[PDB]
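What follows is a short report on a single structure.
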Amino acid sequence: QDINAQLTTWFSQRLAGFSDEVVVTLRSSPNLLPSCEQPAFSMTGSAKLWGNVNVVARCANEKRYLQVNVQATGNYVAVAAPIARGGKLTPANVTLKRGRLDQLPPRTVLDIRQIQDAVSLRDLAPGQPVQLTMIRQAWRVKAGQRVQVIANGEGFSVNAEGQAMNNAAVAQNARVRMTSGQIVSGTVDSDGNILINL
């Protein structure tokens with residue numbers, strides 16, 4: 001109830017915009033947790049957001065890996081009308097439906113900005129959750145294009161220009177050759193800009 005409410009609140013904050021109702025519960029053994037009253041929580045390399053995830057509880061020098069369960073509820077993209085192979089996901093064939101995110105199939109599309117100019121790999125029936133393995137996104141960024149690189153670090157923000165070295169869809173990884181000749185990589189946002197965390 002103290003660790004849970006800490007986790008419930010910690011995840012509720014991390015899953016802002018995705019879910020407005022998050023309930024976390026510790027699953028691992030309570031005798032392995034770090035001795036601090038309130039520990040800093042680190043995500044485990046973006047392995048998962050909800051369901052049964054792993055969190056790094058840190059106490060100055062002592063590090064413990066915990067297992068938790070995140071019960072999130074938010075919006076996801078559902079097939080609203082039947083869709084055919086190589087069919088374009090449109091406002092007519094798809095819609096935003098509220099449901100339990102931790103009960104959704106993996107790589108389910110949550111944000112409508114992921115599926116601008118997306119096409120279906122297979123036939124889809126109404127109500128099915130749109131998964132990124134079931135679609136082909138159009139390339140947001142093309143190799144050879146000049147792109148803006150945005151690096152938000154701790155205490156600072158960097159804004160730079162580079163050249164895209166590969167074709168990449170939104171939320172996919174893009175490699176960029178900086179003006180200085182260095183090669184850096186990040187993820188493509190809806191804007192076509194390249195975001196780098198640290």
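Just so we're on the same page: first chain in the structure tokens is A, next is B, and so on; residues restart at 1 for each chain, and ligands are numbered from 1 in the order they show up.
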
Residue contacts of range 144-147 of chain A (9 Å, only C-alpha atoms) excluding same-chain residues fewer than 6 positions away, as a list in words: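 The contact residues come out as residues 160, 161, 162, 163, 164, 165, 166, 167, 176, 192, 193 and 194 of chain A.
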
Go ahead and save the residues from that selection, with N, CA and C atoms, as a PDB file, in the first residue's frame.
ATOM      1  N   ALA A 160      19.802  20.577 -33.550  1.00  0.00           N
ATOM      2  CA  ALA A 160      20.846  20.479 -34.561  1.00  0.00           C
ATOM      3  C   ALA A 160      20.344  19.967 -35.907  1.00  0.00           C
ATOM      4  N   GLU A 161      21.168  20.156 -36.934  1.00  0.00           N
ATOM      5  CA  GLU A 161      20.836  19.775 -38.302  1.00  0.00           C
ATOM      6  C   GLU A 161      21.725  18.608 -38.732  1.00  0.00           C
ATOM      7  N   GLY A 162      21.148  17.673 -39.476  1.00  0.00           N
ATOM      8  CA  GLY A 162      21.882  16.517 -39.952  1.00  0.00           C
ATOM      9  C   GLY A 162      21.248  15.957 -41.209  1.00  0.00           C
ATOM     10  N   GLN A 163      21.832  14.887 -41.734  1.00  0.00           N
ATOM     11  CA  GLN A 163      21.283  14.216 -42.906  1.00  0.00           C
ATOM     12  C   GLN A 163      20.847  12.807 -42.567  1.00  0.00           C
ATOM     13  N   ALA A 164      19.629  12.474 -42.976  1.00  0.00           N
ATOM     14  CA  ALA A 164      19.072  11.157 -42.731  1.00  0.00           C
ATOM     15  C   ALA A 164      19.846  10.140 -43.555  1.00  0.00           C
ATOM     16  N   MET A 165      20.234   9.038 -42.925  1.00  0.00           N
ATOM     17  CA  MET A 165      20.995   8.007 -43.617  1.00  0.00           C
ATOM     18  C   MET A 165      20.138   6.798 -43.975  1.00  0.00           C
ATOM     19  N   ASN A 166      18.885   6.810 -43.539  1.00  0.00           N
ATOM     20  CA  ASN A 166      17.964   5.738 -43.885  1.00  0.00           C
ATOM     21  C   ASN A 166      16.503   6.173 -43.928  1.00  0.00           C
ATOM     22  N   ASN A 167      15.669   5.364 -44.574  1.00  0.00           N
ATOM     23  CA  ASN A 167      14.235   5.602 -44.582  1.00  0.00           C
ATOM     24  C   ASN A 167      13.672   5.100 -43.257  1.00  0.00           C
ATOM     25  N   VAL A 176      21.430   9.426 -38.459  1.00  0.00           N
ATOM     26  CA  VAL A 176      21.675  10.783 -38.943  1.00  0.00           C
ATOM     27  C   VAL A 176      23.155  11.168 -38.940  1.00  0.00           C
ATOM     28  N   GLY A 192       8.546  14.613 -38.260  1.00  0.00           N
ATOM     29  CA  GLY A 192       9.618  14.307 -39.184  1.00  0.00           C
ATOM     30  C   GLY A 192      10.967  14.665 -38.581  1.00  0.00           C
ATOM     31  N   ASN A 193      10.946  15.217 -37.367  1.00  0.00           N
ATOM     32  CA  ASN A 193      12.166  15.545 -36.630  1.00  0.00           C
ATOM     33  C   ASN A 193      12.706  14.293 -35.952  1.00  0.00           C
ATOM     34  N   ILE A 194      13.989  14.312 -35.614  1.00  0.00           N
ATOM     35  CA  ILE A 194      14.637  13.161 -34.996  1.00  0.00           C
ATOM     36  C   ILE A 194      14.901  13.437 -33.521  1.00  0.00           C
TER      37      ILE A 194
END

Counting only C-alpha atoms, which residues in range 31-83 of chain A sit no more than 12 Å from range 6-9 of chain A? For each one, give the nearest pair of atoms and the distance in Å, sorted by chain then residue number, as a Markdown table.
| residue | atom | partner | partner_atom | distance |
| --- | --- | --- | --- | --- |
| A:37 | CA | A:6 | CA | 10.1 |
| A:38 | CA | A:6 | CA | 7.7 |
| A:39 | CA | A:6 | CA | 9.1 |
| A:40 | CA | A:6 | CA | 10.2 |
| A:41 | CA | A:7 | CA | 8.5 |
| A:42 | CA | A:7 | CA | 11.2 |
| A:43 | CA | A:7 | CA | 11.7 |
| A:50 | CA | A:8 | CA | 11.4 |
| A:53 | CA | A:7 | CA | 11.6 |
| A:54 | CA | A:7 | CA | 11.5 |
| A:55 | CA | A:7 | CA | 9.6 |
| A:56 | CA | A:7 | CA | 11.6 |
| A:57 | CA | A:7 | CA | 10.5 |
| A:66 | CA | A:7 | CA | 11.0 |
| A:67 | CA | A:7 | CA | 11.2 |
| A:68 | CA | A:7 | CA | 8.6 |
| A:69 | CA | A:7 | CA | 9.6 |
| A:70 | CA | A:8 | CA | 8.0 |
| A:71 | CA | A:8 | CA | 9.2 |
| A:72 | CA | A:8 | CA | 10.1 |

Residue with smallest distance to residue 127 in chain A - pool A:181, A:153, A:30, A:99, counting only C-alpha atoms: A:99

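What separates CA of residue 23 in chain A from CA of residue 76 in chain A is a distance of 18.0 Å.
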
Of the listed residues A:3, A:96, A:188, A:101, that which approaches residue 19 in chain A most closely, counting only C-alpha atoms: A:101

Distance query residue 154 in chain A at most 12 Å, only C-alpha atoms, self and fewer than 6 positions along chain excluded, as number ranges by chain: A: 196-198

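The gap separating CA of residue 78 in chain A from CA of residue 122 in chain A is 14.7 Å, in Å to one decimal.
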
Among listed residues A:174, A:80, A:195, A:59, nearest residue 125 in chain A (using only C-alpha atoms):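 Smallest separation from residue 125 in chain A among the options: A:80.
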
Backbone DSSP call of helix (DSSP H, G or I) for range 7-79 of chain A, listed as an MDAnalysis selection string: chainID A and resid 7:14

Create the file for the chosen residues now, containing C-alpha atoms and written as a PDB file, in the first residue's frame.
ATOM      1  CA  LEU A   7       4.322   2.748  -7.877  1.00  0.00           C
ATOM      2  CA  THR A   8       0.694   3.565  -8.703  1.00  0.00           C
ATOM      3  CA  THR A   9       1.581   7.260  -8.652  1.00  0.00           C
ATOM      4  CA  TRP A  10       4.990   6.857 -10.334  1.00  0.00           C
ATOM      5  CA  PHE A  11       3.510   4.940 -13.277  1.00  0.00           C
ATOM      6  CA  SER A  12       0.404   7.130 -13.387  1.00  0.00           C
ATOM      7  CA  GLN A  13       2.802   9.995 -14.010  1.00  0.00           C
ATOM      8  CA  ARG A  14       4.900   8.113 -16.577  1.00  0.00           C
TER       9      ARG A  14
END

Picked from chain A by DSSP as strand (DSSP E or B), as number ranges by chain: A: 19-26, 40-43, 51, 54-59, 62-79, 83, 88, 94-100, 108, 118-120, 124, 129, 131, 135-137, 141, 146-153, 156-164, 168, 173-178, 183-188, 194-197

Selection above as a file: C-alpha atoms, as an mmCIF file, in the first residue's frame:
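Result file is result19.cif:
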data_model
loop_
_atom_site.group_PDB
_atom_site.id
_atom_site.type_symbol
_atom_site.label_atom_id
_atom_site.label_comp_id
_atom_site.auth_asym_id
_atom_site.auth_seq_id
_atom_site.Cartn_x
_atom_site.Cartn_y
_atom_site.Cartn_z
ATOM 1 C CA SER A 19 -3.800 6.367 -19.553
ATOM 2 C CA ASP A 20 -5.761 8.406 -17.019
ATOM 3 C CA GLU A 21 -6.305 5.355 -14.811
ATOM 4 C CA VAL A 22 -3.256 3.317 -13.805
ATOM 5 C CA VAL A 23 -3.053 0.769 -10.975
ATOM 6 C CA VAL A 24 0.323 -0.746 -10.095
ATOM 7 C CA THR A 25 1.005 -3.612 -7.682
ATOM 8 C CA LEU A 26 4.329 -5.123 -6.566
ATOM 9 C CA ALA A 40 14.026 6.271 -7.331
ATOM 10 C CA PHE A 41 12.466 4.092 -9.993
ATOM 11 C CA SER A 42 14.112 3.489 -13.343
ATOM 12 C CA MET A 43 12.400 1.803 -16.253
ATOM 13 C CA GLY A 51 1.141 -5.495 -17.812
ATOM 14 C CA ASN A 54 10.351 -4.567 -14.346
ATOM 15 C CA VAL A 55 11.578 -1.514 -12.426
ATOM 16 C CA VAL A 56 15.006 -0.501 -11.144
ATOM 17 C CA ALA A 57 14.639 0.695 -7.547
ATOM 18 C CA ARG A 58 17.715 2.740 -6.657
ATOM 19 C CA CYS A 59 19.054 3.732 -3.226
ATOM 20 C CA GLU A 62 22.070 -0.268 -3.533
ATOM 21 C CA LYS A 63 20.293 -1.437 -6.684
ATOM 22 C CA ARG A 64 17.326 -3.818 -6.788
ATOM 23 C CA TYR A 65 15.343 -5.113 -9.770
ATOM 24 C CA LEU A 66 11.637 -5.453 -8.948
ATOM 25 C CA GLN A 67 8.738 -7.147 -10.754
ATOM 26 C CA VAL A 68 5.465 -5.199 -10.875
ATOM 27 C CA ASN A 69 2.001 -5.323 -12.460
ATOM 28 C CA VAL A 70 0.561 -2.259 -14.193
ATOM 29 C CA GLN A 71 -3.192 -2.084 -14.827
ATOM 30 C CA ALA A 72 -3.656 0.760 -17.326
ATOM 31 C CA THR A 73 -6.846 1.973 -19.037
ATOM 32 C CA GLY A 74 -6.700 4.257 -22.066
ATOM 33 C CA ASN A 75 -7.368 4.844 -25.758
ATOM 34 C CA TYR A 76 -6.296 2.488 -28.549
ATOM 35 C CA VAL A 77 -6.894 2.273 -32.299
ATOM 36 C CA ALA A 78 -9.549 -0.306 -33.172
ATOM 37 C CA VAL A 79 -10.714 -1.507 -36.559
ATOM 38 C CA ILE A 83 -10.272 -3.502 -44.141
ATOM 39 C CA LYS A 88 -5.233 2.389 -46.066
ATOM 40 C CA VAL A 94 -10.518 2.852 -37.959
ATOM 41 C CA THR A 95 -11.468 4.557 -34.678
ATOM 42 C CA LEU A 96 -10.193 5.334 -31.172
ATOM 43 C CA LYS A 97 -11.702 2.985 -28.595
ATOM 44 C CA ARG A 98 -11.177 2.977 -24.831
ATOM 45 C CA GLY A 99 -10.017 -0.292 -23.249
ATOM 46 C CA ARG A 100 -7.589 -2.035 -20.887
ATOM 47 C CA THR A 108 -1.072 -2.275 -30.443
ATOM 48 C CA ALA A 118 -0.524 3.419 -42.900
ATOM 49 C CA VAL A 119 -1.592 0.394 -44.953
ATOM 50 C CA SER A 120 -2.751 -3.054 -43.842
ATOM 51 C CA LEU A 124 -9.004 -6.933 -40.825
ATOM 52 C CA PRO A 129 -6.871 -3.923 -32.199
ATOM 53 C CA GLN A 131 -1.041 -3.783 -34.296
ATOM 54 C CA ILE A 135 0.473 -2.731 -40.943
ATOM 55 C CA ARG A 136 3.089 -1.010 -43.097
ATOM 56 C CA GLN A 137 3.696 2.638 -42.248
ATOM 57 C CA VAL A 141 11.822 10.483 -43.256
ATOM 58 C CA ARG A 146 18.121 17.212 -44.212
ATOM 59 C CA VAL A 147 16.458 16.699 -40.846
ATOM 60 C CA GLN A 148 16.287 18.483 -37.528
ATOM 61 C CA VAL A 149 17.777 16.633 -34.601
ATOM 62 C CA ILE A 150 16.442 17.388 -31.142
ATOM 63 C CA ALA A 151 18.319 16.101 -28.122
ATOM 64 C CA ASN A 152 16.771 16.673 -24.718
ATOM 65 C CA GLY A 153 19.259 15.912 -21.977
ATOM 66 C CA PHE A 156 19.759 20.867 -21.376
ATOM 67 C CA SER A 157 18.176 20.787 -24.825
ATOM 68 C CA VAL A 158 20.072 20.498 -28.104
ATOM 69 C CA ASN A 159 18.814 21.535 -31.544
ATOM 70 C CA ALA A 160 20.846 20.479 -34.561
ATOM 71 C CA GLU A 161 20.836 19.775 -38.302
ATOM 72 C CA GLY A 162 21.882 16.517 -39.952
ATOM 73 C CA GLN A 163 21.283 14.216 -42.906
ATOM 74 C CA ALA A 164 19.072 11.157 -42.731
ATOM 75 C CA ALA A 168 12.259 5.543 -41.331
ATOM 76 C CA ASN A 173 14.842 4.453 -35.611
ATOM 77 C CA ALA A 174 16.651 6.847 -37.945
ATOM 78 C CA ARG A 175 20.392 7.237 -38.414
ATOM 79 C CA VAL A 176 21.675 10.783 -38.943
ATOM 80 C CA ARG A 177 25.015 12.167 -40.114
ATOM 81 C CA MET A 178 25.675 15.353 -38.166
ATOM 82 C CA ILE A 183 26.797 9.644 -36.794
ATOM 83 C CA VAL A 184 23.968 9.771 -34.275
ATOM 84 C CA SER A 185 20.683 7.880 -34.082
ATOM 85 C CA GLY A 186 17.238 8.621 -32.685
ATOM 86 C CA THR A 187 13.526 8.053 -33.185
ATOM 87 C CA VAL A 188 11.340 9.803 -35.739
ATOM 88 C CA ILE A 194 14.637 13.161 -34.996
ATOM 89 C CA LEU A 195 14.432 12.861 -31.213
ATOM 90 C CA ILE A 196 17.395 11.770 -29.105
ATOM 91 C CA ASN A 197 17.044 11.028 -25.390
#

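Between CA of residue 172 in chain A and CA of residue 138 in chain A there is a distance of 11.0 Å.
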
Given only C-alpha atoms as the counted atoms, nearest of A:84, A:4, A:110, A:31 to residue 18 in chain A: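 Of the candidates, the smallest distance to residue 18 in chain A is held by A:110.
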